[PDB]
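Participant: I am sharing coords.cif, which consists of mmCIF, C-alpha atoms and all ligand atoms; chains and numbers go by the auth columns:
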```cif
data_entry
#
loop_
_atom_site.group_PDB
_atom_site.id
_atom_site.type_symbol
_atom_site.label_atom_id
_atom_site.label_comp_id
_atom_site.label_asym_id
_atom_site.label_seq_id
_atom_site.Cartn_x
_atom_site.Cartn_y
_atom_site.Cartn_z
_atom_site.B_iso_or_equiv
_atom_site.auth_seq_id
_atom_site.auth_asym_id
ATOM 1 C CA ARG A 1 89.661 111.101 115.177 0.00 1 A
ATOM 2 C CA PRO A 2 93.457 110.767 115.463 0.00 2 A
ATOM 3 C CA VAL A 3 95.475 107.853 114.130 0.00 3 A
ATOM 4 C CA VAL A 4 98.017 105.748 115.945 0.00 4 A
ATOM 5 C CA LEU A 5 100.296 103.557 113.852 0.00 5 A
ATOM 6 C CA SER A 6 102.414 101.012 115.650 0.00 6 A
ATOM 7 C CA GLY A 7 104.414 97.925 114.734 0.00 7 A
ATOM 8 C CA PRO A 8 108.034 96.703 114.925 0.00 8 A
ATOM 9 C CA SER A 9 111.025 98.766 113.890 0.00 9 A
ATOM 10 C CA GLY A 10 111.473 98.262 110.149 0.00 10 A
ATOM 11 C CA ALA A 11 107.780 97.438 109.496 0.00 11 A
ATOM 12 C CA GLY A 12 107.232 100.309 107.054 0.00 12 A
ATOM 13 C CA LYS A 13 105.532 102.953 109.188 0.00 13 A
ATOM 14 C CA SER A 14 107.605 105.958 108.086 0.00 14 A
ATOM 15 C CA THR A 15 107.315 104.749 104.498 0.00 15 A
ATOM 16 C CA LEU A 16 103.535 104.429 104.597 0.00 16 A
ATOM 17 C CA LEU A 17 103.166 107.728 106.430 0.00 17 A
ATOM 18 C CA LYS A 18 105.405 109.591 103.933 0.00 18 A
ATOM 19 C CA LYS A 19 103.035 108.403 101.181 0.00 19 A
ATOM 20 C CA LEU A 20 99.982 109.419 103.246 0.00 20 A
ATOM 21 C CA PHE A 21 101.266 112.955 103.927 0.00 21 A
ATOM 22 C CA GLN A 22 102.418 113.639 100.386 0.00 22 A
ATOM 23 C CA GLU A 23 98.942 112.732 99.156 0.00 23 A
ATOM 24 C CA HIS A 24 96.932 114.249 102.031 0.00 24 A
ATOM 25 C CA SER A 25 98.890 117.016 103.809 0.00 25 A
ATOM 26 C CA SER A 26 95.632 119.034 103.816 0.00 26 A
ATOM 27 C CA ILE A 27 93.964 116.537 106.077 0.00 27 A
ATOM 28 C CA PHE A 28 96.698 115.004 108.248 0.00 28 A
ATOM 29 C CA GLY A 29 99.268 116.427 110.638 0.00 29 A
ATOM 30 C CA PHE A 30 102.130 114.369 112.064 0.00 30 A
ATOM 31 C CA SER A 31 102.785 114.315 115.811 0.00 31 A
ATOM 32 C CA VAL A 32 106.483 115.152 116.210 0.00 32 A
ATOM 33 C CA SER A 33 107.797 113.058 119.089 0.00 33 A
ATOM 34 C CA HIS A 34 110.865 113.802 121.204 0.00 34 A
ATOM 35 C CA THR A 35 113.736 111.299 121.186 0.00 35 A
ATOM 36 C CA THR A 36 117.224 110.926 122.619 0.00 36 A
ATOM 37 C CA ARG A 37 118.523 108.884 119.699 0.00 37 A
ATOM 38 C CA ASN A 38 120.781 110.434 117.083 0.00 38 A
ATOM 39 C CA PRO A 39 119.324 111.620 113.760 0.00 39 A
ATOM 40 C CA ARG A 40 119.707 109.298 110.791 0.00 40 A
ATOM 41 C CA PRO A 41 120.895 110.826 107.549 0.00 41 A
ATOM 42 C CA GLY A 42 117.929 112.589 105.944 0.00 42 A
ATOM 43 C CA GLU A 43 116.074 113.032 109.232 0.00 43 A
ATOM 44 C CA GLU A 44 115.308 116.544 110.261 0.00 44 A
ATOM 45 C CA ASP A 45 114.961 118.092 113.696 0.00 45 A
ATOM 46 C CA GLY A 46 111.437 119.426 114.277 0.00 46 A
ATOM 47 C CA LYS A 47 110.257 117.258 111.392 0.00 47 A
ATOM 48 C CA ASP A 48 110.887 113.570 112.106 0.00 48 A
ATOM 49 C CA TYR A 49 111.524 114.138 115.821 0.00 49 A
ATOM 50 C CA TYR A 50 112.692 116.764 118.259 0.00 50 A
ATOM 51 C CA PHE A 51 116.202 115.401 118.885 0.00 51 A
ATOM 52 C CA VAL A 52 116.992 116.178 122.533 0.00 52 A
ATOM 53 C CA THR A 53 119.053 114.950 125.493 0.00 53 A
ATOM 54 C CA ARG A 54 117.833 112.364 127.973 0.00 54 A
ATOM 55 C CA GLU A 55 118.354 115.001 130.667 0.00 55 A
ATOM 56 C CA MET A 56 115.982 117.614 129.140 0.00 56 A
ATOM 57 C CA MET A 57 113.415 114.914 128.384 0.00 57 A
ATOM 58 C CA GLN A 58 113.426 113.631 131.935 0.00 58 A
ATOM 59 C CA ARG A 59 113.068 117.228 133.105 0.00 59 A
ATOM 60 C CA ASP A 60 110.119 117.886 130.779 0.00 60 A
ATOM 61 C CA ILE A 61 108.552 114.512 131.595 0.00 61 A
ATOM 62 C CA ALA A 62 108.651 115.351 135.317 0.00 62 A
ATOM 63 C CA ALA A 63 107.303 118.811 134.565 0.00 63 A
ATOM 64 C CA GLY A 64 104.255 117.043 133.055 0.00 64 A
ATOM 65 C CA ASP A 65 104.832 118.101 129.428 0.00 65 A
ATOM 66 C CA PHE A 66 104.279 114.641 127.966 0.00 66 A
ATOM 67 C CA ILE A 67 101.199 112.601 127.081 0.00 67 A
ATOM 68 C CA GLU A 68 103.355 109.449 127.258 0.00 68 A
ATOM 69 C CA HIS A 69 107.001 108.346 127.078 0.00 69 A
ATOM 70 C CA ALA A 70 108.817 105.063 126.735 0.00 70 A
ATOM 71 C CA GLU A 71 112.271 103.544 126.628 0.00 71 A
ATOM 72 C CA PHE A 72 112.889 101.668 123.392 0.00 72 A
ATOM 73 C CA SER A 73 116.035 99.907 122.241 0.00 73 A
ATOM 74 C CA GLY A 74 118.361 101.985 124.388 0.00 74 A
ATOM 75 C CA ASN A 75 116.659 105.335 123.833 0.00 75 A
ATOM 76 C CA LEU A 76 113.888 107.495 125.313 0.00 76 A
ATOM 77 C CA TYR A 77 110.893 108.579 123.193 0.00 77 A
ATOM 78 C CA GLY A 78 107.723 110.497 123.985 0.00 78 A
ATOM 79 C CA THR A 79 104.683 112.328 122.649 0.00 79 A
ATOM 80 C CA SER A 80 104.670 115.814 124.167 0.00 80 A
ATOM 81 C CA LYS A 81 101.286 117.403 124.767 0.00 81 A
ATOM 82 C CA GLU A 82 102.254 120.308 122.491 0.00 82 A
ATOM 83 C CA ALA A 83 103.099 118.173 119.489 0.00 83 A
ATOM 84 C CA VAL A 84 99.491 116.890 119.493 0.00 84 A
ATOM 85 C CA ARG A 85 97.845 120.184 120.448 0.00 85 A
ATOM 86 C CA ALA A 86 99.642 121.927 117.569 0.00 86 A
ATOM 87 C CA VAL A 87 98.111 119.566 115.002 0.00 87 A
ATOM 88 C CA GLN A 88 94.651 119.705 116.480 0.00 88 A
ATOM 89 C CA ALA A 89 94.888 123.515 116.716 0.00 89 A
ATOM 90 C CA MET A 90 95.404 123.664 112.920 0.00 90 A
ATOM 91 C CA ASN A 91 92.307 121.523 112.460 0.00 91 A
ATOM 92 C CA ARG A 92 94.136 118.479 111.138 0.00 92 A
ATOM 93 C CA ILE A 93 93.813 114.807 111.925 0.00 93 A
ATOM 94 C CA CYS A 94 96.722 113.981 114.203 0.00 94 A
ATOM 95 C CA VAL A 95 98.800 110.941 113.237 0.00 95 A
ATOM 96 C CA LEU A 96 101.185 109.285 115.711 0.00 96 A
ATOM 97 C CA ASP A 97 103.937 106.695 115.208 0.00 97 A
ATOM 98 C CA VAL A 98 104.699 104.959 118.553 0.00 98 A
ATOM 99 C CA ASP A 99 105.748 101.591 120.028 0.00 99 A
ATOM 100 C CA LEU A 100 103.496 99.180 121.940 0.00 100 A
ATOM 101 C CA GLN A 101 104.155 100.841 125.287 0.00 101 A
ATOM 102 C CA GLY A 102 103.007 104.047 123.609 0.00 102 A
ATOM 103 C CA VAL A 103 99.838 102.358 122.396 0.00 103 A
ATOM 104 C CA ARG A 104 99.041 100.994 125.872 0.00 104 A
ATOM 105 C CA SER A 105 99.632 104.393 127.424 0.00 105 A
ATOM 106 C CA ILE A 106 97.491 106.267 124.847 0.00 106 A
ATOM 107 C CA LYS A 107 94.600 103.843 125.531 0.00 107 A
ATOM 108 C CA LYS A 108 94.428 105.539 128.951 0.00 108 A
ATOM 109 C CA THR A 109 94.198 109.079 127.590 0.00 109 A
ATOM 110 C CA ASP A 110 91.471 111.126 125.970 0.00 110 A
ATOM 111 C CA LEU A 111 93.157 111.071 122.512 0.00 111 A
ATOM 112 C CA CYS A 112 90.713 108.295 121.450 0.00 112 A
ATOM 113 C CA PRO A 113 92.281 107.266 118.129 0.00 113 A
ATOM 114 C CA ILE A 114 91.992 104.397 115.714 0.00 114 A
ATOM 115 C CA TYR A 115 94.909 101.970 116.357 0.00 115 A
ATOM 116 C CA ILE A 116 96.671 100.308 113.438 0.00 116 A
ATOM 117 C CA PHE A 117 99.425 97.686 113.579 0.00 117 A
ATOM 118 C CA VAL A 118 101.878 97.519 110.653 0.00 118 A
ATOM 119 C CA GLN A 119 103.272 94.009 110.431 0.00 119 A
ATOM 120 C CA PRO A 120 106.112 92.752 108.217 0.00 120 A
ATOM 121 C CA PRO A 121 105.607 89.571 106.135 0.00 121 A
ATOM 122 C CA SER A 122 107.702 87.734 108.695 0.00 122 A
ATOM 123 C CA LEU A 123 110.583 88.376 111.098 0.00 123 A
ATOM 124 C CA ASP A 124 113.158 87.195 108.533 0.00 124 A
ATOM 125 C CA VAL A 125 111.864 89.746 106.042 0.00 125 A
ATOM 126 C CA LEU A 126 111.711 92.383 108.798 0.00 126 A
ATOM 127 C CA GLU A 127 115.313 91.732 109.713 0.00 127 A
ATOM 128 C CA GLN A 128 116.388 91.826 106.068 0.00 128 A
ATOM 129 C CA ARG A 129 114.731 95.205 105.399 0.00 129 A
ATOM 130 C CA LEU A 130 115.971 96.691 108.656 0.00 130 A
ATOM 131 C CA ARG A 131 119.524 95.583 108.013 0.00 131 A
ATOM 132 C CA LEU A 132 119.249 96.860 104.446 0.00 132 A
ATOM 133 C CA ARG A 133 118.082 100.329 105.519 0.00 133 A
ATOM 134 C CA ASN A 134 121.466 100.239 107.256 0.00 134 A
ATOM 135 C CA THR A 135 120.795 102.944 109.844 0.00 135 A
ATOM 136 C CA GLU A 136 121.299 101.009 113.105 0.00 136 A
ATOM 137 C CA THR A 137 124.364 99.611 114.854 0.00 137 A
ATOM 138 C CA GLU A 138 124.492 95.836 115.460 0.00 138 A
ATOM 139 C CA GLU A 139 123.586 96.344 119.109 0.00 139 A
ATOM 140 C CA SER A 140 120.621 98.506 118.104 0.00 140 A
ATOM 141 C CA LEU A 141 119.527 95.909 115.550 0.00 141 A
ATOM 142 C CA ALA A 142 119.651 93.147 118.166 0.00 142 A
ATOM 143 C CA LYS A 143 117.437 95.154 120.529 0.00 143 A
ATOM 144 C CA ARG A 144 114.961 96.042 117.803 0.00 144 A
ATOM 145 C CA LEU A 145 114.613 92.477 116.556 0.00 145 A
ATOM 146 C CA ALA A 146 114.219 91.196 120.099 0.00 146 A
ATOM 147 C CA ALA A 147 111.498 93.803 120.694 0.00 147 A
ATOM 148 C CA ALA A 148 109.824 92.873 117.392 0.00 148 A
ATOM 149 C CA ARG A 149 109.498 89.192 118.295 0.00 149 A
ATOM 150 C CA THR A 150 108.181 90.126 121.703 0.00 150 A
ATOM 151 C CA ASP A 151 105.781 92.826 120.561 0.00 151 A
ATOM 152 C CA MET A 152 104.365 90.903 117.560 0.00 152 A
ATOM 153 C CA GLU A 153 102.289 89.240 120.308 0.00 153 A
ATOM 154 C CA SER A 154 100.163 92.391 120.500 0.00 154 A
ATOM 155 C CA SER A 155 98.944 92.526 116.928 0.00 155 A
ATOM 156 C CA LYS A 156 96.820 89.701 118.420 0.00 156 A
ATOM 157 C CA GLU A 157 95.981 90.852 121.977 0.00 157 A
ATOM 158 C CA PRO A 158 92.126 90.950 121.780 0.00 158 A
ATOM 159 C CA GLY A 159 90.780 94.506 121.393 0.00 159 A
ATOM 160 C CA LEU A 160 94.220 96.173 121.333 0.00 160 A
ATOM 161 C CA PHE A 161 94.426 97.082 117.645 0.00 161 A
ATOM 162 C CA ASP A 162 91.568 98.098 115.390 0.00 162 A
ATOM 163 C CA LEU A 163 93.410 96.781 112.361 0.00 163 A
ATOM 164 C CA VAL A 164 96.505 94.881 111.267 0.00 164 A
ATOM 165 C CA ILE A 165 98.134 95.738 107.960 0.00 165 A
ATOM 166 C CA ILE A 166 100.724 93.440 106.460 0.00 166 A
ATOM 167 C CA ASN A 167 103.325 95.488 104.609 0.00 167 A
ATOM 168 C CA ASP A 168 104.185 92.840 102.024 0.00 168 A
ATOM 169 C CA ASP A 169 103.487 94.719 98.794 0.00 169 A
ATOM 170 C CA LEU A 170 103.775 98.429 99.653 0.00 170 A
ATOM 171 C CA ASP A 171 101.126 99.767 97.245 0.00 171 A
ATOM 172 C CA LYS A 172 98.697 97.194 98.564 0.00 172 A
ATOM 173 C CA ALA A 173 99.466 98.115 102.206 0.00 173 A
ATOM 174 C CA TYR A 174 99.038 101.792 101.449 0.00 174 A
ATOM 175 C CA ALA A 175 95.671 101.232 99.740 0.00 175 A
ATOM 176 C CA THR A 176 94.626 99.236 102.820 0.00 176 A
ATOM 177 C CA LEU A 177 95.704 102.111 105.078 0.00 177 A
ATOM 178 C CA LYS A 178 93.736 104.693 103.081 0.00 178 A
ATOM 179 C CA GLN A 179 90.644 102.503 103.061 0.00 179 A
ATOM 180 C CA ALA A 180 90.830 102.196 106.822 0.00 180 A
ATOM 181 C CA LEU A 181 90.879 106.012 106.937 0.00 181 A
ATOM 182 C CA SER A 182 88.490 106.641 104.014 0.00 182 A
ATOM 183 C CA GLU A 183 85.883 108.197 106.259 0.00 183 A
ATOM 184 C CA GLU A 184 88.156 110.700 107.956 0.00 184 A
ATOM 185 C CA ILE A 185 89.566 111.374 104.497 0.00 185 A
ATOM 186 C CA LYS A 186 86.140 111.840 102.872 0.00 186 A
ATOM 187 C CA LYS A 187 84.751 113.864 105.811 0.00 187 A
ATOM 188 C CA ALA A 188 87.735 116.212 105.840 0.00 188 A
ATOM 189 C CA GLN A 189 86.716 116.530 102.180 0.00 189 A
ATOM 190 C CA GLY A 190 90.066 115.199 101.036 0.00 190 A
HETATM 191 N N1 LIG B . 106.759 96.995 101.178 0.00 1 B
HETATM 192 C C1 LIG B . 108.039 97.158 101.287 0.00 1 B
HETATM 193 N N2 LIG B . 108.908 96.324 100.625 0.00 1 B
HETATM 194 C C2 LIG B . 110.261 96.416 100.690 0.00 1 B
HETATM 195 N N3 LIG B . 110.907 97.350 101.428 0.00 1 B
HETATM 196 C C3 LIG B . 110.034 98.160 102.070 0.00 1 B
HETATM 197 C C4 LIG B . 108.658 98.159 102.067 0.00 1 B
HETATM 198 N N4 LIG B . 108.138 99.188 102.875 0.00 1 B
HETATM 199 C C5 LIG B . 109.198 99.794 103.368 0.00 1 B
HETATM 200 N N5 LIG B . 110.373 99.226 102.935 0.00 1 B
HETATM 201 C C6 LIG B . 111.756 99.630 103.315 0.00 1 B
HETATM 202 O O1 LIG B . 111.992 98.960 104.537 0.00 1 B
HETATM 203 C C7 LIG B . 112.766 99.775 105.437 0.00 1 B
HETATM 204 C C8 LIG B . 111.936 99.949 106.740 0.00 1 B
HETATM 205 O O2 LIG B . 110.795 100.780 106.498 0.00 1 B
HETATM 206 P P1 LIG B . 110.439 102.030 107.358 0.00 1 B
HETATM 207 O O3 LIG B . 109.208 102.679 106.834 0.00 1 B
HETATM 208 O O4 LIG B . 111.579 102.907 107.593 0.00 1 B
HETATM 209 O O5 LIG B . 110.018 101.275 108.759 0.00 1 B
HETATM 210 P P2 LIG B . 109.607 101.898 110.189 0.00 1 B
HETATM 211 O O6 LIG B . 109.454 103.342 110.105 0.00 1 B
HETATM 212 O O7 LIG B . 108.408 101.095 110.593 0.00 1 B
HETATM 213 O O8 LIG B . 110.807 101.553 111.136 0.00 1 B
HETATM 214 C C9 LIG B . 113.071 101.058 104.716 0.00 1 B
HETATM 215 O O9 LIG B . 114.324 100.985 104.059 0.00 1 B
HETATM 216 C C10 LIG B . 111.949 101.122 103.663 0.00 1 B
HETATM 217 O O10 LIG B . 112.251 101.836 102.535 0.00 1 B
HETATM 218 N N1 LIG B . 105.929 105.306 122.942 0.00 2 B
HETATM 219 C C1 LIG B . 106.519 105.943 121.918 0.00 2 B
HETATM 220 N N2 LIG B . 107.193 105.273 120.955 0.00 2 B
HETATM 221 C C2 LIG B . 107.713 106.138 120.003 0.00 2 B
HETATM 222 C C3 LIG B . 107.610 107.513 119.951 0.00 2 B
HETATM 223 N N3 LIG B . 108.282 108.034 118.810 0.00 2 B
HETATM 224 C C4 LIG B . 108.740 106.948 118.236 0.00 2 B
HETATM 225 N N4 LIG B . 108.431 105.777 118.892 0.00 2 B
HETATM 226 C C5 LIG B . 108.703 104.354 118.583 0.00 2 B
HETATM 227 O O1 LIG B . 109.965 103.847 119.032 0.00 2 B
HETATM 228 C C6 LIG B . 110.462 102.893 117.993 0.00 2 B
HETATM 229 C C7 LIG B . 111.776 103.317 117.379 0.00 2 B
HETATM 230 O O2 LIG B . 111.639 104.326 116.388 0.00 2 B
HETATM 231 P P1 LIG B . 112.904 104.782 115.587 0.00 2 B
HETATM 232 O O3 LIG B . 114.110 104.871 116.415 0.00 2 B
HETATM 233 O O4 LIG B . 113.017 103.646 114.554 0.00 2 B
HETATM 234 O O5 LIG B . 112.554 106.072 114.917 0.00 2 B
HETATM 235 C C8 LIG B . 109.252 102.658 117.061 0.00 2 B
HETATM 236 O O6 LIG B . 108.432 101.531 117.433 0.00 2 B
HETATM 237 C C9 LIG B . 108.455 103.922 117.168 0.00 2 B
HETATM 238 O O7 LIG B . 107.080 103.755 116.878 0.00 2 B
HETATM 239 C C10 LIG B . 106.872 108.216 120.982 0.00 2 B
HETATM 240 O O8 LIG B . 106.658 109.423 121.091 0.00 2 B
HETATM 241 N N5 LIG B . 106.353 107.318 121.952 0.00 2 B
HETATM 242 K K K B . 106.937 109.200 116.636 0.00 3 B
#
```
Turn the structure described in the file into structure tokens.
Facilitator:
Amino acid sequence: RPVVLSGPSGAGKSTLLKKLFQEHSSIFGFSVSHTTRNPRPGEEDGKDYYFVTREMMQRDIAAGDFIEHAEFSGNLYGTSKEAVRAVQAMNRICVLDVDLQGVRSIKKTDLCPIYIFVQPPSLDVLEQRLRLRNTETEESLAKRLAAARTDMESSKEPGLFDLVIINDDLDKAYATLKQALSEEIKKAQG
């Protein structure tokens, strides 16, 4: 059963997932999404995302290559069918990191995952960590924080998410994440 992690920008998803993959790369495979945004230092094409142009993406979207796509804070993102098929082909549990539109779209597909919402202690803390990571422009930060307020609604929409994890203390959040996935982990014999 695949895993979908969602939550506001700055919540701690990449951080939690980096910990999950370093401990369980034998069991999990990451879905590499396509995006039009520019790489951040340390990000790697084909690893964090497939960094492409809006033009190609729109072309591939129309060609039917994507499971879902969404505009987020000025940029286009999407889960191509191939990024998920590749993981499943290697017999690994596919893990996706997407926004709320992505979650709503995936609910209408046959991926059938467990949905987890990563929530910051509060918006103030979220803003402080996001600003500190210092990877977004002020305009980008404004859009992300606006989206965060708006989307935090969802962690509560009845039946939407299977679980909500508060990323206050990181070790604690990570233990919570692994417990949620303990079955998949144990079954895979990891
Ligand atoms: N529990 C935590 N406490 C303090 N800082 C954290 C914690 N978890 C992550 N961070 C830091 O907060 C920033 C946002 O986390 P990140 O995982 O990149 O969020 P996301 O991928 O959800 O946008 C990063 O600089 C990260 O190192
Ligand atoms: N719907 C959707 N959202 C995505 C996808 N890839 C990344 N995102 C999301 O878009 C936001 C911005 O991610 P970032 O620019 O910080 O890497 C996050 O909420 C993230 O989950 C994707 O393929 N589909
Ligand atoms: K992603």
Participant: State, in Å with one decimal place, the distance from atom CA of residue A:168 to atom CA of residue A:180.
Facilitator: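 According to the coordinates, atom CA of residue A:168 and atom CA of residue A:180 are separated by 17.0 Å.
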Participant: Could you report the residues within 8 Å of ligand K 3 (chain B), using all atoms listed in the file, as a ChimeraX atom specification?
Facilitator: /A:31-34,48-49,77-79,96-98
Participant: Record the distance separating atom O2 of ligand LIG 1 (chain B) and atom CA of residue A:102, expressed in Å with one decimal.
Facilitator: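 A separation of 19.1 Å between them.
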Participant: So what does the PyMOL selection byres (((chain A and resi 69-73) around 9) and not hetatm) actually pick up in this one, as a PyMOL selection string?
Facilitator: chain A and resi 34+61+66-68+74-80+99+101-102+105+139-144+147
Participant: Taking C-alpha atoms for each residue, export the selection above as an mmCIF file, keeping the file's coordinate frame.
Facilitator:
```cif
data_model
loop_
_atom_site.group_PDB
_atom_site.id
_atom_site.type_symbol
_atom_site.label_atom_id
_atom_site.label_comp_id
_atom_site.auth_asym_id
_atom_site.auth_seq_id
_atom_site.Cartn_x
_atom_site.Cartn_y
_atom_site.Cartn_z
ATOM 1 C CA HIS A 34 110.865 113.802 121.204
ATOM 2 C CA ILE A 61 108.552 114.512 131.595
ATOM 3 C CA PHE A 66 104.279 114.641 127.966
ATOM 4 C CA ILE A 67 101.199 112.601 127.081
ATOM 5 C CA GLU A 68 103.355 109.449 127.258
ATOM 6 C CA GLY A 74 118.361 101.985 124.388
ATOM 7 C CA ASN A 75 116.659 105.335 123.833
ATOM 8 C CA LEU A 76 113.888 107.495 125.313
ATOM 9 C CA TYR A 77 110.893 108.579 123.193
ATOM 10 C CA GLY A 78 107.723 110.497 123.985
ATOM 11 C CA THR A 79 104.683 112.328 122.649
ATOM 12 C CA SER A 80 104.670 115.814 124.167
ATOM 13 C CA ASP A 99 105.748 101.591 120.028
ATOM 14 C CA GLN A 101 104.155 100.841 125.287
ATOM 15 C CA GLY A 102 103.007 104.047 123.609
ATOM 16 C CA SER A 105 99.632 104.393 127.424
ATOM 17 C CA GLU A 139 123.586 96.344 119.109
ATOM 18 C CA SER A 140 120.621 98.506 118.104
ATOM 19 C CA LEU A 141 119.527 95.909 115.550
ATOM 20 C CA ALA A 142 119.651 93.147 118.166
ATOM 21 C CA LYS A 143 117.437 95.154 120.529
ATOM 22 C CA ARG A 144 114.961 96.042 117.803
ATOM 23 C CA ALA A 147 111.498 93.803 120.694
#
```
Participant: What is the distance, in Å and to one decimal place, between atom CA of residue A:44 and atom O6 of ligand LIG 1 (chain B)?
Facilitator: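 Taking atom CA of residue A:44 and atom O6 of ligand LIG 1 (chain B), their separation equals 14.4 Å.
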Participant: Taking all atoms listed in the file into account, name the residue in A:57, A:165, A:111, A:173 that is nearest to ligand LIG 1 (chain B).
Facilitator: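 Between A:57, A:165, A:111, A:173, the residue approaching ligand LIG 1 (chain B) most closely is A:173.
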Participant: Select, from A:81, A:145, A:10, A:160, the residue with the minimum atom-to-atom distance to residue A:109, counting only C-alpha atoms.
Facilitator: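 Of the candidates, the smallest distance to residue A:109 is held by A:81.
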Participant: Using only C-alpha atoms and all ligand atoms, which residues of the polymer chains come no farther than 10 Å from ligand LIG 1 (chain B)? I'd like the answer as a PyMOL selection string.
Facilitator: chain A and resi 5-18+97-99+118-121+125-135+144+166-174
Participant: Using all atoms listed in the file, which of the listed residues (A:86, A:177, A:20, A:4) sits closest to ligand LIG 2 (chain B)?
Facilitator: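 Ranked by minimum distance to ligand LIG 2 (chain B), first place goes to A:4.
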Participant: Which one is closest to ligand LIG 2 (chain B): A:181, A:148, A:188, A:175? Count all atoms listed in the file.
Facilitator: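 Looking only at the distances to ligand LIG 2 (chain B), the closest residue turns out to be A:148.
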Participant: Write out as a PyMOL selection string which residues come within 7 Å of residue A:1 when counting only C-alpha atoms, dropping same-chain ones fewer than 4 positions away.
Facilitator: chain A and resi 93+112-113
Participant: Select, from A:104, A:178, A:24, A:85, the residue with the minimum atom-to-atom distance to residue A:151, counting only C-alpha atoms.
Facilitator: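 Result for the nearest residue to residue A:151: A:104.
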Participant: The centre and edge lengths of an axis-aligned box containing all atoms of ligand LIG 2 (chain B) present in the file, extended by 4 Å on each side, are to be given in Å to one decimal, as lines of an AutoDock Vina configuration file.
Facilitator:
```
center_x = 110.0
center_y = 105.5
center_z = 118.7
size_x = 16.2
size_y = 15.9
size_z = 16.4
```
Participant: Return the single residue from A:26, A:154, A:36, A:91 that is closest to ligand LIG 2 (chain B), with distances computed using only C-alpha atoms and all ligand atoms.
Facilitator: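 Of all the options, A:36 lies closest to ligand LIG 2 (chain B).
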Participant: Identify, on the basis of only C-alpha atoms, every residue whose closest approach to residue A:164 does not exceed 9 Å; exclude the query and any residue fewer than 4 positions from it along the same chain; express the result as a ChimeraX atom specification.
Facilitator: /A:115-119,155-156
Participant: Please export stretch 7-52 of chain A as a PDB file, in the first residue's frame, restricted to C-alpha atoms.
Facilitator:
```
ATOM      1  CA  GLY A   7       0.987  19.201   4.669  1.00  0.00           C
ATOM      2  CA  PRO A   8       2.051  22.855   4.284  1.00  0.00           C
ATOM      3  CA  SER A   9       5.333  23.960   2.774  1.00  0.00           C
ATOM      4  CA  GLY A  10       7.904  23.924   5.574  1.00  0.00           C
ATOM      5  CA  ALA A  11       6.079  21.257   7.646  1.00  0.00           C
ATOM      6  CA  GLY A  12       8.972  18.781   7.614  1.00  0.00           C
ATOM      7  CA  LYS A  13       7.985  16.325   4.889  1.00  0.00           C
ATOM      8  CA  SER A  14      11.334  16.150   3.074  1.00  0.00           C
ATOM      9  CA  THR A  15      13.067  15.931   6.445  1.00  0.00           C
ATOM     10  CA  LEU A  16      10.931  13.051   7.690  1.00  0.00           C
ATOM     11  CA  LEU A  17      11.158  11.260   4.355  1.00  0.00           C
ATOM     12  CA  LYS A  18      14.978  11.599   4.211  1.00  0.00           C
ATOM     13  CA  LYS A  19      15.092   9.827   7.595  1.00  0.00           C
ATOM     14  CA  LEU A  20      12.639   7.158   6.383  1.00  0.00           C
ATOM     15  CA  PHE A  21      14.621   6.372   3.210  1.00  0.00           C
ATOM     16  CA  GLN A  22      18.017   6.288   4.884  1.00  0.00           C
ATOM     17  CA  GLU A  23      16.659   3.738   7.349  1.00  0.00           C
ATOM     18  CA  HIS A  24      14.423   1.787   4.941  1.00  0.00           C
ATOM     19  CA  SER A  25      15.586   2.174   1.315  1.00  0.00           C
ATOM     20  CA  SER A  26      14.976  -1.590   0.933  1.00  0.00           C
ATOM     21  CA  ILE A  27      11.284  -1.157   1.491  1.00  0.00           C
ATOM     22  CA  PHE A  28      10.363   2.309   0.194  1.00  0.00           C
ATOM     23  CA  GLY A  29      10.722   4.047  -3.152  1.00  0.00           C
ATOM     24  CA  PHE A  30      10.116   7.771  -3.624  1.00  0.00           C
ATOM     25  CA  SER A  31       7.810   9.014  -6.382  1.00  0.00           C
ATOM     26  CA  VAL A  32       9.822  11.632  -8.288  1.00  0.00           C
ATOM     27  CA  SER A  33       7.407  14.381  -9.293  1.00  0.00           C
ATOM     28  CA  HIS A  34       7.859  16.849 -12.147  1.00  0.00           C
ATOM     29  CA  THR A  35       8.036  20.565 -11.326  1.00  0.00           C
ATOM     30  CA  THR A  36       8.603  23.868 -13.094  1.00  0.00           C
ATOM     31  CA  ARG A  37      10.243  25.523 -10.101  1.00  0.00           C
ATOM     32  CA  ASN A  38      13.995  26.028  -9.962  1.00  0.00           C
ATOM     33  CA  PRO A  39      16.182  23.584  -8.009  1.00  0.00           C
ATOM     34  CA  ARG A  40      17.252  24.639  -4.531  1.00  0.00           C
ATOM     35  CA  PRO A  41      20.889  24.173  -3.630  1.00  0.00           C
ATOM     36  CA  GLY A  42      21.417  20.494  -2.810  1.00  0.00           C
ATOM     37  CA  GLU A  43      18.421  19.338  -4.844  1.00  0.00           C
ATOM     38  CA  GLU A  44      19.117  16.961  -7.645  1.00  0.00           C
ATOM     39  CA  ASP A  45      17.344  16.447 -10.948  1.00  0.00           C
ATOM     40  CA  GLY A  46      15.849  12.949 -11.200  1.00  0.00           C
ATOM     41  CA  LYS A  47      16.154  12.663  -7.427  1.00  0.00           C
ATOM     42  CA  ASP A  48      14.085  15.343  -5.682  1.00  0.00           C
ATOM     43  CA  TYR A  49      12.110  16.222  -8.821  1.00  0.00           C
ATOM     44  CA  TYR A  50      12.346  16.164 -12.582  1.00  0.00           C
ATOM     45  CA  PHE A  51      12.979  19.886 -13.145  1.00  0.00           C
ATOM     46  CA  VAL A  52      11.235  20.761 -16.419  1.00  0.00           C
TER      47      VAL A  52
END
```
